[PDB]
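Student: Give the three-dimensional model of this entry:
(chains A, B, C, D, E and F)
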Amino acid sequence: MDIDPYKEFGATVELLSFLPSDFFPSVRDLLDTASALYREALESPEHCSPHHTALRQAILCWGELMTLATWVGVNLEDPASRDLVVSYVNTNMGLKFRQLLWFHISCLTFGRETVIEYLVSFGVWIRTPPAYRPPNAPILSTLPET
Amino acid sequence: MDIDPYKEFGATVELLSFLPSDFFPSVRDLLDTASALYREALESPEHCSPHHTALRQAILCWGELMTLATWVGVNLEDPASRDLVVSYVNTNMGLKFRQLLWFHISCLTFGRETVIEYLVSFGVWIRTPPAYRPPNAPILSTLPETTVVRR
Amino acid sequence: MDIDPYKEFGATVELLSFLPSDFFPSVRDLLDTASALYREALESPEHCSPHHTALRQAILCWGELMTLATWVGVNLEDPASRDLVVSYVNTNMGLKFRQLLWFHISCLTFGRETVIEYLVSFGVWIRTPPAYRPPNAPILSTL
Amino acid sequence: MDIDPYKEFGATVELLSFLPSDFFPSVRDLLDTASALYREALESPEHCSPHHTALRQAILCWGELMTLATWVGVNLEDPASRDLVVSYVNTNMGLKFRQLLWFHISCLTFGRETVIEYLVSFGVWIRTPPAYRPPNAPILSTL
Amino acid sequence: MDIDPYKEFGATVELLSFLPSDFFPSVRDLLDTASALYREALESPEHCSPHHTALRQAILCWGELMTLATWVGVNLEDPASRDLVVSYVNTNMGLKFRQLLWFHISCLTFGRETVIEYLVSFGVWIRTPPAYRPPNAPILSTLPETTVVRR
Amino acid sequence: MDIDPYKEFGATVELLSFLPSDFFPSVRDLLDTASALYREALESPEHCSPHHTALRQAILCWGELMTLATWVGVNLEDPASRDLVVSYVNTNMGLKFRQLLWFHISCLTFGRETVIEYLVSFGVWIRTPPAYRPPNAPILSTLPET
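Tutor: Numbers count the residues shown, from 1 in each chain, chains lettered A, B, ... in the order given. The relevant structure is shown in the block below.
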């Protein structure tokens, strides 16, 4: 079908592409963050959020992708095609997967509407010329002010 | 017909004339901003606002200009004239379209009165020689001058 | 973004396609009509209507296109490429621009709904084979 | 002073420009129509209407012009200059005078607003290209 | 008659002398600003304010001076004296006109008391020697610089 | 812009041109009259009228024009162009300046509406043939009748 995973939460693939691709963290860092913070909740029998549900699904999808990478590295003799497919998996699919993981984790942490507003503001700040914008790049924090 | 596109919305050409050419982002950046923010409203059959209407019209003009640039690059085997026309289109007319798109988008985003007050203050800042003015120009943003998002 | 300009006004490119391209008046005649009727309203500092807004936008766009044509005729030495560019601007782009001007002006004048029923009725009259097509084609009026 | 005569009545020179010059009837036919319909009102000692006032003024102006033509034909010996002046008076000035007479008479007859919508509708019909221009052009009536 | 055009409004020539002569913008930029956001009032038949009245008078004087410059460039076959007169008019006579225009425009926009206290504060900032002079100077502005607005 | 200085008071350049140009007094006489009558008010920090404001502005404009004439007479060696520019300043610009000064001073003295009515009546009297008009030319006075 024509399914946008972000629209049920209030965003779009176009909105998450409004940001650079080099901005999103690594799949490993995102998974470590998730395991550090929301592990008990993801491993629980209760849903506890659509965010939690989608996050479980994405984590398992990426685990299957890593299993595929390993099966390739083993059963494929051609080093060219081997490394080629592995690079494809790690980069092209990893980009979307870390987009999704970042979105859901940042939502759970700070706030869904907050994350959406941050997407918009950062995508505008990056396209604004430097002299006519704030110097520091936007960022999300849970550390209150004084 | 002596028409000012900004007089309808309360601004004026002489008011935006003080904005340098380096202040406006690229046409592509502005179009991406619009398509990411107000796309479902621009593609909507409802007159959401005059800003939306003018934005649609400007986007379509720019699409036709891109079509023209492509047709030129194809049908003009004279590289000199071809590149010359393409540069004119992308620079001189692109400047006006950047101006217009930026005005309408910034209005939709922040507030029309806010944008107009910002333009006034920025004209004041830019008309001043550099020595007798602060180094950093005014900034229009929904964020604080410190870019941090809690909640 | 695929932005149909006539969607917010209740029509579509596929709906105006009922009209041929040779049916539309000249940009000059359309602009003369506009300047004769709605000049003071287009020069006005008010959102008189969305049609007024779009009409201002289109007029300024066409003015910039004429500026382009003149700048070309001046700064370009190759007469072949010069004439090619000028003819393209005048004909191909002018087609869409007079489509738009005609639509919005006919709206202002006769009614948006009236223009829409005119479009459908002209589509009927043109789909009609010639043997049974009446000579007097549809047209707008107020009398 | 730039005094548009049709402004106080709701039209403009640019609006009547929609009408060609060969479209207007002859001064003689217009005056015959006036004398057949509104003669007793124009000879009346009352401000029947601003149209009546302007019509009286125009008729007297044209009468003085005819007097000029006759005085020329009498007192001028150079037939070249005589014919030149007479032709100029009859054609160039007669054009404006029959414009004015037609406007005011059609007002009296059918309605000022009706005349205005007629002007705009005729502008449409004439901007229309011939292939899609209906043969039957707009016209005023009461039936 | 000692006619200080600024004491009618609360200032003086000596109060505006705090501002250097190179601080004032161009006559053309000032005219564009006026035409942009006070014109409908300037052309009105109503006494909007003494600022408006004095501004009308100054604009008309400057228009007549431009007329004079043109008439000179036309009727003076001596290019030397021609350019001399033209440069005098453009620079020496125009300095005072742009002083006056800046004053009245800024008083119409940001207020009169604000402009006066701004003159005072800028006089302080400029009397201050450079080693102890802050980088940023007083700059008239309704908008705070880092204005992050979310809607 | 398109600015008429007389319309904010209720007159026009066309209305002040409705009178002859040889009718207006000299700039010197007008300035002497102003200094004799309204000097304290023009030198005061209070506005006291739009008339007073415009009059101050015009006086200073004419002072700058005289300064220009002097600077010319000094720095210009060519006597032809020197006298030419000086005559232009004195005559062409002086005409408008004395029109303005006369208008504002007569307003302050007698009455704005009175001055307007006088403009109209005098411009009609001058164009009327002599035999069919009053013989004496109109004039403004503050001297009441008996």
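Student: For stretch A:122-140, which outside residues touch it?
Tutor: A:15, A:18-20, A:23, A:106, A:109-110, A:114-115, A:118, A:121, B:22-23, B:25-26, B:29-30, B:32-33, B:36, B:109, B:136-137, B:139, B:141, B:143-150, E:146, E:148 (Cβ atoms under 8 Å, 6 or more residues apart in numbering or on different chains). Any C-beta I mention is one placed from the backbone N, CA and C, and that applies to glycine too.
Student: how distant is that stretch from the center of its chain?
Tutor: How far stretch A:122-140 lies from its chain's middle: 21 Å, per Cα atoms, centre = their mean, to the nearest Å.
Student: First-to-last residue distance for it?
Tutor: Stretch A:122-140 has an end-to-end distance of 11 Å (Cα to Cα, to the nearest Å).
Student: same deal with stretch A:16-27?
Tutor: Start-to-end span of stretch A:16-27 (Cα to Cα) is 16 Å.
Student: is the strand or helix carrying residue A:70 anywhere near chain B?
Tutor: For residue A:70, the host element (DSSP states H and E) is helix A:50-75. No. Under the criterion of Cβ under 8 Å from any Cβ of the partner chain, helix A:50-75 makes no contact with chain B; the nearest approach is 15.5 Å.
Student: same for that helix, what does it pack against?
Tutor: With contacts taken as 3 or more Cβ pairs under 8 Å, 6 or more residues apart in numbering or on different chains; DSSP states H and E, helix A:50-75 sits against helix A:27-37, helix A:39-42, helix A:79-88, helix A:94-110.
Student: Can you classify the one residue in chain A that gets nearest to chain E by secondary structure?
Tutor: Minimum separation of chain A from chain E (Cβ to the nearest Cβ) falls at residue A:134, amounting to 6.4 Å. Assigned by DSSP: H, G, I helix; E, B strand; the rest coil, the conformation of residue A:134 is coil.
Student: Next, count neighbours for it.
Tutor: 18 (other Cβ atoms under 10 Å in any protein chain shown).
Student: picking up where we left off before, in the helix holding residue A:70, what's buried?
Tutor: By 16 or more other Cβ atoms under 10 Å in any protein chain shown, the buried positions in helix A:50-75 come out as A:51, A:52, A:54, A:55, A:56, A:58, A:59, A:62, A:65, A:69, A:72.
Student: what about the residue nearest to residue A:144 when sequence neighbours are not counted, distance to chain D?
Tutor: Leaving aside its chain neighbours, residue A:144 sits nearest to residue B:150 (6.7 Å; criterion: Cβ to Cβ, 6 or more residues apart in numbering or on different chains). Using Cβ to the nearest Cβ, to the nearest Å, residue B:150 is found at 61 Å from chain D.
Student: Give me the distance between residue B:150 and chain F.
Tutor: Note on residue B:150: its distance to chain F, by Cβ to the nearest Cβ, is 50 Å.
Student: For that residue, what are phi and psi?
Tutor: Per-residue torsions, residue B:150: phi -100, psi -170 (degrees, to the nearest 10).
Student: Quick check: residue A:68 touching residue A:89?
Tutor: Yes. Assessed by Cβ atoms under 8 Å, residue A:68 is found in contact with residue A:89 at 6.6 Å.
Student: Tell me which residue of chain A is furthest from the middle?
Tutor: Relative to the centre of chain A, the most outlying C-alpha is that of residue A:77, 32.2 Å out, by Cα atoms, centre = their mean.
Student: send the alpha carbons of stretch A:69-85 over as PDB?
Tutor: Written as PDB, here are the backbone C-alpha positions of stretch A:69-85 (Å, rounded to 0.1, in the frame of the first residue of the first chain):
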ATOM      1  CA  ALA A  69      24.500  -9.400   6.600                       C
ATOM      2  CA  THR A  70      26.200 -12.300   8.600                       C
ATOM      3  CA  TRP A  71      24.600 -15.000   6.400                       C
ATOM      4  CA  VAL A  72      25.900 -13.100   3.400                       C
ATOM      5  CA  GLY A  73      29.400 -12.800   4.700                       C
ATOM      6  CA  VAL A  74      29.400 -16.500   5.300                       C
ATOM      7  CA  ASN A  75      27.600 -18.100   2.300                       C
ATOM      8  CA  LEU A  76      28.900 -15.600  -0.300                       C
ATOM      9  CA  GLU A  77      32.300 -16.400  -1.700                       C
ATOM     10  CA  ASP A  78      32.500 -13.500  -4.200                       C
ATOM     11  CA  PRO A  79      34.100 -10.700  -2.100                       C
ATOM     12  CA  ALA A  80      32.900  -8.000  -4.500                       C
ATOM     13  CA  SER A  81      29.200  -8.800  -4.200                       C
ATOM     14  CA  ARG A  82      29.600  -9.700  -0.500                       C
ATOM     15  CA  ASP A  83      31.000  -6.400   0.500                       C
ATOM     16  CA  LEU A  84      28.600  -4.700  -1.900                       C
ATOM     17  CA  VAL A  85      25.500  -6.100  -0.300                       C
END
